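Have a look at the structure below before the remarks.
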2 protein chains.
Amino acid sequence: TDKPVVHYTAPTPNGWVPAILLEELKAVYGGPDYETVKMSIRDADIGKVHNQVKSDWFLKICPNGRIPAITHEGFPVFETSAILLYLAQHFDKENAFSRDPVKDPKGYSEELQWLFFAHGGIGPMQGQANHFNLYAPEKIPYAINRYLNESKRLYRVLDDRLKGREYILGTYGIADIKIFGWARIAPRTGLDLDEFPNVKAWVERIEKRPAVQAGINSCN
Amino acid sequence: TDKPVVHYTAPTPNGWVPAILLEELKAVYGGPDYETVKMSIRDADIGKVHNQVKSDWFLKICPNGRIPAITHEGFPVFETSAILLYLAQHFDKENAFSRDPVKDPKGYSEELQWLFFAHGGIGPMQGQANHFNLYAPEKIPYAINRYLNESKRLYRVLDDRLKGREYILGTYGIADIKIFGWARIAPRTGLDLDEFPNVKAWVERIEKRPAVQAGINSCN
Ligand SMILES: N[C@@H](CCC(=O)N[C@@H](CSSC[C@H](NC(=O)CC[C@H](N)C(=O)O)C(=O)NCC(=O)O)C(=O)NCC(=O)O)C(=O)O
Ligand SMILES: N[C@@H](CCC(=O)N[C@@H](CSSC[C@H](NC(=O)CC[C@H](N)C(=O)O)C(=O)NCC(=O)O)C(=O)NCC(=O)O)C(=O)O
């Protein structure tokens with residue numbers, strides 16, 4: 001009775017996103033279902049909790065010792081954007097949320113470019129902004145300013161891409177889902193989404209999807 | 001003298017990597033030939049040099065205003081890893097350096113996972129280590145140590161992956177190429193590669209390849 005997909009996750013800008021896609025897929029195709037394994041991302045739990053991202057058994061699934069990761073009938077996939085691509089290729093047969101590499105090589109490339117932009121830019125830089133507010137023991141203005149300025153620059157790139165559209169590649173798909181995990185916590189990072197009104201409306205359009213709520217809530 | 005790919009680049013851990021793949025492809029297939037446009041990545045040059053990453057004309061090719069980017073018969077691709085994937089899909093017809101998404105969905109997924117690992121882990125974090133240790137106008141020991149330590153953690157993940165192997169996914173390919181651009185300057189960043197002897201031997205075997213040297217040199 002095991003589900004075909006197991007999602008190892010935590011309620012975070014990265015952990016929400018495969019669950020969002022899984023719920024979107026279910027709403028369209030009727031499946032697949034998934035099992036959720038809630039993992040500790042607290043360094044104070046290292047060694048002493050089985051479901052903890054540094055525990056060795058989990059490194060066989062995600063060698064980086066971070067969430068999210070999935071297994072699909074035993075096959076492991078780590079890194080948010082790679083998980084989204086995997087799930088789309090295996091379950092999104094009508095291309096509702098993703099572009100086909102064979103029939104749409106240029107559109108597929110576009111999708112990869114925006115995923116990699118988020119994966120190398122928004123996620124890392126907004127995460128460093130969060131680091132220097134929440135976790136660094138001292139206030140370090142050089143670093144706080146560096147990462148807030150860089151996050152603002154990246155959100156301007158995103159806002160400009162959203163001008164004249166409702167979604168990054170026109171129709172809602174996995175590039176929106178990846179970025180949305182971070183964009184919905186942008187205010188708490190110190191960005192003003194009212195300064196990026198295309199981004200703000202896009203976050204609101206996605207937040208109101210029932211599958212998005214179900215995916216976020218599955219991580220709690 | 002036809003050049004169907006134009007590579008907008010600079011001699012940097014990201015700039016080298018598409019040129020390396022282009023030269024690997026040229027050695028196996030006899031093409032594609034390419035033009036190199038050397039771009040200033042310096043803020044001091046903004047508005048003062050035509051070939052500068054924040055120039056409006058370039059934002060039409062790379063909306064993030066960073067190198068590398070390519071055009072292929074006019075079609076733009078930005079983000080190192082997305083460029084590698086595009087060039088592989090379009091020119092690596094015998095899959096000498098890359099896995100096919102249709103014929104090898106598992107291997108293709110693994111390749112994406114390691115590219116995304118590098119793109120969200122090694123490049124961003126080693127780039128921050130370089131910023132604080134090498135380029136910032138003030139020395140901030142907390143930040144230097146944070147990003148040197150995180151780089152070391154990421155290199156330990158890579159070193160353990162390379163145990164028992166010569167290349168990340170068995171045969172040399174685009175996942176190695178992506179990380180190699182950063183790993184070859186790890187000593188400069190501040191990592192002692194003797195502490196990562198699998199990474200060290202892997203850097204050495206890749207550095208010796210004539211196509212690698214040709215790609216690196218093309219960015220000067
Ligand atoms: N590139 C990976 C990133 C996954 C990731 O960062 N997972 C986090 C929780 S998401 S919460 C956001 C996360 N922050 C952290 O993980 C903070 C702790 C970390 N050790 C540090 O020192 O920064 C971050 O900034 N991410 C940057 C990015 O997405 O590029 C995790 O498991 N952390 C546990 C641990 O590190 O032990 C992906 O896309 O899947
Ligand atoms: N994710 C992109 C990154 C491309 C990139 O960083 N390009 C750099 C040169 S490569 S040199 C390595 C680069 N450092 C820089 O670009 C230093 C300047 C920057 N503004 C800063 O303050 O961080 C870096 O750390 N990159 C992190 C990563 O790869 O994730 C660039 O054009 N800089 C000009 C500019 O910013 O105006 C990719 O993979 O293509």
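Atoms within a ligand are numbered from 1 in the order they appear, just like the ligands themselves. All values below were derived from every heavy atom in this structure, side-chain atoms included, with hydrogens, water molecules and symmetry-related copies excluded. Convention: sequence-line order gives letters A, B, ...; per-chain numbering from 1.
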Pairs of nitrogen or oxygen atoms, one from ligand 1 and one from the protein, closer than 3.5 Å: please tabulate them with distances.
from: ligand 1; atom 1: 1 (N); to: A:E79; atom 2: OE1; distance (Å): 2.7
from: ligand 1; atom 1: 6 (O); to: A:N14; atom 2: ND2; distance (Å): 3.4
from: ligand 1; atom 1: 6 (O); to: A:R66; atom 2: NH1; distance (Å): 3.0
from: ligand 1; atom 1: 7 (N); to: A:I67; atom 2: O; distance (Å): 2.8
from: ligand 1; atom 1: 22 (O); to: B:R146; atom 2: NH1; distance (Å): 2.9
from: ligand 1; atom 1: 23 (O); to: B:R146; atom 2: NH2; distance (Å): 2.9
from: ligand 1; atom 1: 29 (O); to: A:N14; atom 2: ND2; distance (Å): 2.8
from: ligand 1; atom 1: 30 (O); to: A:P124; atom 2: N; distance (Å): 3.2
from: ligand 1; atom 1: 32 (O); to: A:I67; atom 2: N; distance (Å): 2.8
from: ligand 1; atom 1: 36 (O); to: A:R66; atom 2: NE; distance (Å): 3.4
from: ligand 1; atom 1: 39 (O); to: A:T80; atom 2: N; distance (Å): 3.4
from: ligand 1; atom 1: 39 (O); to: A:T80; atom 2: OG1; distance (Å): 2.6
from: ligand 1; atom 1: 40 (O); to: A:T80; atom 2: N; distance (Å): 2.9

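- Between the side chains of A:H119 and A:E79, a donor-acceptor pair is found at a separation under 3.5 Å.
- When the ring-ring contact (aromatic ring centres under 6.0 Å, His included) test is applied to A:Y86, the partners found at least two apart in sequence or on another chain are A:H72, A:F75, A:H90.
- Between B:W57 and B:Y8, the ring center distance clears the sub-6.0 Å criterion.
- Heavy atoms of other residues, nucleotides or ligands lying less than 6.0 angstrom from NZ of A:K163 number more than 12.
- Taking the ring axis of A:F117 as reference, the NZ or CZ atom of A:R161 does not stay both within 45° of it and closer than 6.0 Å to the ring centre.
- In summary, the side chains of B:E150 and B:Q126 do not present any donor paired with an acceptor at a separation below 3.5 Å, with no hydrogens or angles considered.
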